[PDB]
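[1] dropping in the first section of the assembly, placed as in the complex:
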Amino acid sequence: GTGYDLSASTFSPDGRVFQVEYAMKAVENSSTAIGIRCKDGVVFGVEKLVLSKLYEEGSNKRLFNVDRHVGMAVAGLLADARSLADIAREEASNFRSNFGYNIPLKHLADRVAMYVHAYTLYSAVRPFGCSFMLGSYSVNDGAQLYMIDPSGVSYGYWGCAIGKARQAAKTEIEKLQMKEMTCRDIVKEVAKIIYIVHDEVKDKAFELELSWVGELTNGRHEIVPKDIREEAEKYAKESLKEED
């Protein structure tokens, strides 16, 4: 439609808020980010497209620490993604202040999702051009992974993908039996899927960002160390020849 697509305070005749849909297209044009729920935690992998070799490694970091126990992986307009991380950091900080313990991930997902939803109702502001995945592990709650989109919908996921290769990444995840496998295993298979769905012909070269949270890390969202990342990058390259 045209005429009805300028403001988030305006429905179209078909019953659609095109400003929210256009914010989701900025995510669909952005690069692929994925994450899978293991037995003993959650792992994140991101296709970070290098615009120039002039930039340092660990610049434009699309993986973030929201809390000590929670990890955020983003895809879309990156400025909006960082401000969403700042919202989630403060929102998690408010829970610790109010209730004296670590925020549950479903609650953290819901409270930040309603922040995202608030920007889809008014002419005065625009939606966030960003989908992101929140992931966590705990003693009692266990492994949990949630994804939020520009509209403000929050669902829980065993496996999830957002970006260029949204559909293409998901059919590769469906092959893996994530429920039985562990975080130690899944880092190889997450690194594999990024290398598959990466278009070498269209796009430039890329850096694989890997983070995780699990029993391995004592429910703490850390980066995957250079020992394990480079093992998984090696596994990705050599097993790409095995199906080519």
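    Sure, I can see it. Numbers count the residues shown, from 1 in each chain, chains lettered A, B, ... in the order given.

[2] any idea what residue A:47 is bridged to?
    When assigned by DSSP bridges, residue A:47 has beta-bridge partners residue A:208.

[3] what sits against it?
    A:31, A:32, A:33, A:163, A:164, A:165, A:194, A:197, A:198, A:206, A:208 (C-beta atoms under 8 Å, 6 or more residues apart in numbering). Bear in mind the C-beta positions are built from the backbone N, C-alpha and C, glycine included.

[4] and it, how far from residue A:78?
    Residue A:47 sits 13 Å away from residue A:78, going by C-beta to C-beta, to the nearest Å.

[5] okay, the contacts of residue A:47 in a markdown table with secondary structure, distance to residue A:130 and neighbour count next?
    Shown next, in a markdown table, are the contacts of residue A:47 (DSSP: H, G, I helix; E, B strand; the rest coil; distance: C-beta to C-beta, whole Å; neighbours: other C-beta atoms under 10 Å):
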| residue | secondary structure | distance to residue A:130 | neighbour count |
| --- | --- | --- | --- |
| A:31 | coil | 12 | 21 |
| A:32 | coil | 14 | 24 |
| A:33 | strand | 11 | 31 |
| A:163 | coil | 11 | 23 |
| A:164 | coil | 15 | 23 |
| A:165 | coil | 17 | 22 |
| A:194 | helix | 19 | 27 |
| A:197 | helix | 19 | 22 |
| A:198 | coil | 21 | 20 |
| A:206 | strand | 19 | 18 |
| A:208 | strand | 20 | 19 |
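
[6] and those, which two are the farthest apart?
    Of all pairs drawn from the contacts of residue A:47, the greatest distance, 15.1 Å, lies between A:164 and A:208 (C-beta to C-beta).

[7] show the contacting residues for residue A:194.
    Listed by C-beta under 8 Å, 6+ apart, the contact partners of residue A:194 are A:32, A:34, A:45, A:46, A:47, A:208, A:236.

[8] you'd agree the second one is in a strand?
    I take that to be residue A:34. Yes: looking at residue A:34 with DSSP: H, G, I helix; E, B strand; the rest coil, it is inside a strand.

[9] chain B goes on too:
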Amino acid sequence: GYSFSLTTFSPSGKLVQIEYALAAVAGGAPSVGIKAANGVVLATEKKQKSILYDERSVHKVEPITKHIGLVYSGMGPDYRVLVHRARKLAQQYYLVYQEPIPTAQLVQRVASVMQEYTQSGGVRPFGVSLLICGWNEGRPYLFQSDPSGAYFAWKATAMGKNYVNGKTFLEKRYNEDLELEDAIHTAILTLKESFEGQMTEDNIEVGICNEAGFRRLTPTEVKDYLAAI
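    One more piece, chain B, placed on the ones above:
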């Protein structure tokens, strides 16, 4: 928010959103109000789309305080804002003055609120005309108030679908010292002109106002008046 009027003057010199709001009233489910010598009647069509609708739940004919009542034609949600506000305005008078609010004065206060949304920032006016029954010194009162925020004291009138037919029907058939028995019967006959279906205790709603304040009539009380038609 938006700090500018959505209702504005056209080259002809007409506040277009008010006349468009009157079209929303004019295409609403019809409503009638009649002033007897000893009392006041308010009646309206409550014909919902299915038998699935619980008839006892929500009401068109609503009280404001113990001596004033209310009914509408047009937009239902807009009406409920005016009911809540009118109820507050009644108590704000009673708290200050320790006297039951005059019906004229309640209409004037709600009129001022209805006028507010024809000028203030970022808001359309109400798609509602109200009919306000009452009892003050020792005598009946009936008032209309329409989306403009203008108000008119009526002996009798109609609203909604076939309001032109209801008004002419009433003009010839209304007498200026009717009994409240007869006026309740007249109000149902005014609705039966514009009706599409067989009438019942459920699918219409009536309230009355007299010496002992305002109340909504029960289904069985209505059923007695429906028996002799």
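
[10] residue 212: neighbour count?
    You didn't say which chain, so I picked chain A. Close neighbours of residue A:212, defined as other C-beta atoms under 10 Å in any protein chain shown, add up to 29.

[11] oops, chain B please
    Neighbours of residue B:212 (other C-beta under 10 Å): 10.

[12] ok, now how distant is it from residue B:136?
    Taking C-beta to C-beta, one finds residue B:212 at 14 Å from residue B:136.

[13] repeat for residue A:122
    46 Å.

[14] once you drop chain neighbours, what's closest to residue B:186?
    For residue B:186, the nearest residue in space outside its immediate sequence neighbours is residue B:34; the separation is 5.8 Å by C-beta to C-beta, 6 or more residues apart in numbering or on different chains.

[15] check which element follows the helix or strand containing residue B:23 along the chain.
    According to DSSP states H and E, residue B:23 maps onto helix B:16-26. Counting by DSSP H and E, the next helix or strand C-terminal to helix B:16-26 is strand B:31-35.

[16] so the nearest residue to residue B:132 once chain neighbours are set aside is in which element?
    Nearest residue to residue B:132, sequence neighbours excluded (C-beta to C-beta, 6+ apart): residue B:143, at 4.5 Å. For residue B:143, the enclosing helix or strand under DSSP H and E is strand B:140-146.

[17] gap between residue A:112 and residue A:31?
    22 Å.

[18] do I have it right that residue A:159 meets residue A:177?
    No: judged on C-beta atoms under 8 Å, residue A:159 makes no contact with residue A:177 at a distance of 10.7 Å.

[19] so for these two, which residue has more residues nearby?
    residue A:159 (20 against 8).

[20] and the more buried one, how close does it get to residue B:56?
    Residue A:159 is 51 Å from residue B:56, by C-beta to C-beta.

[21] likewise for residue A:92?
    48 Å.

[22] more neighbours: which of these two?
    A direct count of neighbours by other C-beta under 10 Å for residue A:92 and residue B:56 places residue A:92 higher, at 23 against 7.

[23] following sequence is chain C, place it on the structure:
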Amino acid sequence: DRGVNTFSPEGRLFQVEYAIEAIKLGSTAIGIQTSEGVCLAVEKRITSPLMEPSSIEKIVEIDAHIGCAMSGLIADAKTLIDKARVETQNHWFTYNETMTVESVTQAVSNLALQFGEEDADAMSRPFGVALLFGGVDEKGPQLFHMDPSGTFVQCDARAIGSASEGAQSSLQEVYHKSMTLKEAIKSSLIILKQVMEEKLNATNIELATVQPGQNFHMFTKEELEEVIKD
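    Once chain C is put in with the chains from before, the structure reads:
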């Protein structure tokens, strides 16, 4: 129809763009920086002999050591001149010293893009005014230009107004860096007489100078009539 804080595809604010366009309508003014002093000259553009000539103050005293010449919307300028005048005496109050010509110009340059609609108390549009500051501080005699964007820079010589384009070509040929003040004063009145479609005289213009020894002085009828010669 669009907002005041809207970029063009070229990458610049429409209202700032159009504020530069407003200075072309304004009457021309020249300032020349020399080692012996900064002179400042401007045309009054008198539309009637009934209009009192002395009450068109287009060069004004900011302080005893600084002046400012203006072109464009004359009313818009008086807001900025007063804010500069306030800033200098606020600085004198706090620090017991004179401001530099750069420091004053910067303070006025901070106000240039302080406009907008939503999130405001405040200005709707920019100031459609170019200012030629000219004074003498601890770093010798200095002349500074400012435009509606907020861009400000030191100038050896510069002009602004309707014949800014025409006068700058004449300044290129005429200007020499080791010249005297009295040569620079007479240079301006030569360059002004050409561009004015009215004829140059003591009532039709304002001149003013600032030296190291002497304060800001605006020239009288008698002092202008002596220079008039050339």
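
[24] now that chain C has been added, could you go back to the contacts of residue A:47?
    Residues in contact with residue A:47, defined by C-beta atoms under 8 Å, 6 or more residues apart in numbering or on different chains, are A:31, A:32, A:33, A:163, A:164, A:165, A:194, A:197, A:198, A:206, A:208.

[25] contacts for the strand holding residue B:143?
    Residues outside strand B:140-146 that contact it (C-beta under 8 Å, 6+ apart) are B:22, B:25, B:33-40, B:103-104, B:107, B:110-111, B:114, B:129-135, B:151-157, B:159, B:209-210.

[26] run the angle between that strand and helix B:16-26 for me.
    Going by axes from the mean of the first three to the mean of the last three C-alpha atoms, to 10 degrees, strand B:140-146 is angled at 130 degrees with respect to helix B:16-26.

[27] pull the CA atoms of strand B:140-146 into PDB?
    What follows is strand B:140-146, C-alpha atoms only, in PDB (Å, rounded to 0.1, in the frame of the first residue of the first chain):
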ATOM      1  CA  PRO B 140     -39.700  17.100  35.600                       C
ATOM      2  CA  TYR B 141     -36.800  18.000  33.300                       C
ATOM      3  CA  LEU B 142     -35.700  16.700  29.900                       C
ATOM      4  CA  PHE B 143     -32.700  18.000  27.900                       C
ATOM      5  CA  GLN B 144     -30.800  17.000  24.700                       C
ATOM      6  CA  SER B 145     -27.100  17.600  24.300                       C
ATOM      7  CA  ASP B 146     -25.500  17.000  20.800                       C
END
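
[28] how far is that strand from where the chain is centred?
    Relative to its chain's centre, strand B:140-146 lies at 8 Å (C-alpha atoms, centre = their mean, to the nearest Å).

[29] swap in stretch B:51-67?
    The answer for stretch B:51-67 is 13 Å, by C-alpha atoms, centre = their mean.

[30] buried set for it?
    By 16 or more other C-beta atoms under 10 Å in any protein chain shown, the buried positions in stretch B:51-67 come out as B:60, B:61, B:62, B:63, B:64, B:65, B:67.

[31] tell me the bridge partners for residue B:43.
    residue B:32, residue B:206.

[32] packing partners for the helix holding residue B:23?
    Under the contact definition 3 or more C-beta pairs under 8 Å, 6 or more residues apart in numbering or on different chains; DSSP states H and E, helix B:16-26 sits against strand B:68-74, strand B:128-135.
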